[PDB]
Visitor: 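The structure's right below; bear with me while I get my questions together.
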Amino acid sequence: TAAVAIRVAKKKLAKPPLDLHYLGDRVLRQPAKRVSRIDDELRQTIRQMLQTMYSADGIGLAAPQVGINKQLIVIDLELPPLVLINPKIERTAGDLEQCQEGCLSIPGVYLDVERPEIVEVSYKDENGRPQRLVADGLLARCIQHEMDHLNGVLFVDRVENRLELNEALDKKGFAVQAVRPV
Ligand SMILES: CCCCC[C@H](CC(=O)NO)C(=O)N[C@H](C(=O)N1CCC[C@H]1CO)C(C)C
Ligand SMILES: [Br-]
Ligand SMILES: [Zn+2]
C-alpha cells in the first residue's frame, strides 16, 4: 500500500538532494536497468529527482543523470508532473523537426536536434498503473530526450553540424571525444 505522496514544490535549493553527472561521465552511457519494484522507496527517489530537476530549472530528468541506474524519468513542462517507469516508445509520427536542445548533463550547450514531432509511449506510473500517452511539441521532444538517456544516448550524439557541435562543446569546456554515434 503506497504511503509516500509525490507533492513536490518548485524551488531553488542550496543543496539539491541528488547530484548531476556531466558529459564524459560513463554513468551517462550505461543503458538503464528495469525498475524491479514500484514501492515507497522508489517514490522517495521520484521526489528527490523532481526536487533536483526544479532546482536546476529543467523540464525533465532521467535517473542516469543523477547516477541512478534505473528506467525512471520525471517530466514537468508547466508554468501534475509526469512519472514514467520502464517506459517504451511504441512508435513515432509526424514530420522530422529540428529544434534547439539543452541538457542538465551538458550545461550551457544548445544545439539543433532533429526528432519526430510525435511520440507514443507506454509506461507504468508512480502508482504502478499501466498508462499510454501520445505527445507532440515540447512534451514529445522531452520524452524522446529522456528516453535517449535511459539508453545511454545524449543529444550531442544526434547533432549533424560539426562546426556548431565543436564550438559549443569547446566554449563550455566539454570534449567532442565524449560524443557517441547513434
Ligand atoms: C528540449 C528537450 C530537453 C528537455 C529536458 C532537459 C533536461 C534534461 O537534460 N533532461 O535529461 C531540459 O530541460 N533542457 C532545457 C532545454 O533545452 N529546453 C527547455 C525547453 C526548450 C529547450 C531549450 O530552451 C535546458 C534549459 C536545461
Ligand atoms: Br568518453
Ligand atoms: Zn538531458
Side-chain angles (χ1 to χ4, degrees), residues 2-10 13-14 16-29 31-32 34-78 80-93 101 103-106 115-116 118-128 130-136 138-155 157-158 180 182:
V4 171
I6 290 163
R7 315 277 180 109
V8 183
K10 315 194 175 197
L13 295 172
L18 295 167
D19 287 324
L20 285 174
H21 295 252
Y22 304 102
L23 181 60
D25 198 320
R26 68 175 174 166
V27 309
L28 303 173
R29 300 301 193 174
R34 299 253 308 174
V35 168
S36 269
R37 193 204 277 264
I38 295 173
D39 57 7
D40 276 350
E41 193 73 25
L42 190 76
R43 281 185 279 268
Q44 179 52 21
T45 294
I46 287 165
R47 289 183 45 96
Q48 297 177 344
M49 286 179 61
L50 288 160
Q51 295 171 325
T52 300
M53 191 185 73
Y54 293 135
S55 189
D57 290 306
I59 68 180
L61 188 60
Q65 298 183 257
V66 293
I68 297 171
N69 171 28
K70 290 184 208 308
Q71 288 171 36
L72 178 56
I73 293 162
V74 297
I75 293 175
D76 185 356
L77 278 64
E78 292 293 331
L82 170 61
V83 183
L84 310 171
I85 302 169
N86 301 330
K88 177 192 178 320
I89 287 172
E90 297 286 0
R91 41 76 64 67
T92 68
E101 285 189 32
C103 179
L104 295 173
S105 291
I106 324 188
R115 302 184 190 270
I118 296 168
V119 67
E120 307 182 3
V121 58
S122 66
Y123 62 102
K124 283 186 166 44
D125 70 21
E126 65 270 31
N127 301 312
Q131 303 287 343
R132 307 177 39 102
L133 185 60
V134 183
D136 72 348
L138 179 54
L139 180 55
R141 184 159 293 265
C142 179
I143 289 168
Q144 297 177 84
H145 178 119
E146 306 304 342
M147 295 293 292
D148 272 350
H149 281 294
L150 296 192
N151 288 328
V153 173
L154 302 173
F155 83 90
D157 299 345
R158 301 194 177 280
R180 294 294 177 260
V182 306

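If you read the sequence from its start, that first residue is 1, and numbering goes on from there.
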Visitor: Just how far is it from atom CZ of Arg115 to atom CZ of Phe155, taken to the nearest 0.5 Å?
Guide: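 Reported to 0.5 Å precision, the distance equals 9.0 Å.
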
Visitor: So, does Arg47 use its side chain to make a donor-acceptor pair with the main chain of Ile6 at under 3.5 Å?
Guide: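 No, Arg47 side chain to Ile6 backbone: no donor-acceptor pair under 3.5 Å.
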
Visitor: For side chain to side chain contact (heavy atoms under 4.5 Å, CB included), just list the numbers for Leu20 and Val66, CA-CA rounded to whole Å, side-chain angles, deciding distance to a tenth of an Å, and then say yes or no.
Guide: CA-CA 5 Å; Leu20 285 174; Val66 293; 4.1 Å; yes

Visitor: Between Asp148 and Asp157, is there a side-chain heavy-atom distance shorter than 4.5 Å?
Guide: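 When only atoms from C-beta onward are counted, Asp148 and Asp157 do not touch, as no gap falls below 4.5 Å.
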
Visitor: At their closest point, which heavy atom of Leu61 faces which heavy atom of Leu104, and how far apart are they?
Guide: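 Looks like CD1-CD1, 4.1 Å.
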
Visitor: Go through it in stages, so that I can follow the logic: the residues are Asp76 and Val8, the test is side chain to side chain contact (heavy atoms under 4.5 Å, CB included), and I'd like the CA-CA distance, side-chain angles, deciding distance and then a yes or no.
Guide: CA-CA 11 Å; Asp76 185 356; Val8 183; over 6 Å; no

Visitor: Salt bridge or not for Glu126 and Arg43, using N-O below 4.0 Å?
Guide: no

Visitor: With a 4.5 Å cut-off on side-chain heavy atoms, are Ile118 and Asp136 touching?
Guide: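 Yes, their side chains come closer than 4.5 Å.
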
Visitor: To the nearest 0.5 Å, how far apart are NZ in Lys124 and NZ in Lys88?
Guide: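 Those atoms lie 13.0 Å apart.
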
Visitor: Backbone N or O of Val35 within a donor-acceptor pair of the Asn86 side chain at under 3.5 Å?
Guide: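 Present.
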
Visitor: Hey, could you give me the CG/CD distance between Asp25 and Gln65, rounded to the nearest 0.5 Å?
Guide: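 Answer rounded to 0.5 Å: 11.5 Å.
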
Visitor: Roughly how far, to the nearest 0.5 Å, is OH of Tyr123 from CD of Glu90?
Guide: 12.5 Å

Visitor: Check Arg158 with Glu101, please: is the shortest side-chain N to carboxylate O separation under 4.0 Å?
Guide: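 Judged by the 4.0 Å cut-off on N to carboxylate O distance, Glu101 and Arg158 do not form a salt bridge.
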
Visitor: In the structure I gave you, are the side-chain heavy atoms of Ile89 and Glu120 within less than 4.5 Å of one another anywhere?
Guide: no

Visitor: Distance check, rounded to the nearest 0.5 Å: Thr45 atom OG1 versus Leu18 atom CG?
Guide: 7.0 Å

Visitor: Identify the two heavy atoms, one from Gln48 and one from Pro17, that lie closest to each other, and give their separation to 0.1 Å.
Guide: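 Where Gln48 meets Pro17 most closely, the heavy atoms are O-CG, 3.7 Å.
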
Visitor: When you look at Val153 and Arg180, which way does the side chain to side chain contact (heavy atoms under 4.5 Å, CB included) test go after all the steps?
Guide: CA-CA 8 Å; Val153 173; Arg180 294 294 177 260; over 6 Å; no

Visitor: Does the pair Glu146 and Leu84 meet the rule for a side chain to side chain contact (heavy atoms under 4.5 Å, CB included), with working shown?
Guide: CA-CA 10 Å; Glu146 306 304 342; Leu84 310 171; 6.0 Å; no

Visitor: Please check this pair: side chain of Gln44 against backbone of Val4, looking for a donor-acceptor N/O pair closer than 3.5 Å.
Guide: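 No, the answer is negative, given that no donor and acceptor are paired below the 3.5 Å cut-off.
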
Visitor: In Å and rounded to the nearest 0.5 Å, what is the OG1 to CG distance from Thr52 to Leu13?
Guide: 7.5 Å

Visitor: Which atoms form the tightest heavy-atom contact between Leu150 and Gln71, and what is the distance?
Guide: CD1-CA, 3.8 Å

Visitor: Tell me which one of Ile75, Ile59, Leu50, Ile46 satisfies side chain to side chain contact (heavy atoms under 4.5 Å, CB included) with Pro81.
Guide: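 It is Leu50, the one option of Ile75, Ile59, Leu50, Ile46 that forms the side chain to side chain contact (heavy atoms under 4.5 Å, CB included) with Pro81.
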
Visitor: Looking only at heavy atoms, which two atoms of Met49 and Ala62 are closest? And how far apart?
Guide: CE-C, 3.9 Å

Visitor: Considering non-hydrogen atoms only, spot the tightest contact between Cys142 and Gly60 and give its length.
Guide: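 Closest approach of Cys142 to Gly60: SG-CA, 4.1 Å.
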
Visitor: Might you point out which heavy atoms bring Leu28 and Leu23 nearest each other, and give the distance in Å?
Guide: CD1-N, 3.5 Å

Visitor: Is it the case that the side chain of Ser105 and the backbone of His21 share a donor-acceptor pair, with hydrogens and angles ignored and the cut-off at 3.5 Å?
Guide: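 Side chain of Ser105 to backbone of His21: a pair is present.
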
Visitor: Measure the shortest side-chain to side-chain distance between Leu139 and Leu82 over non-hydrogen atoms and say whether it is less than 4.5 angstrom.
Guide: yes

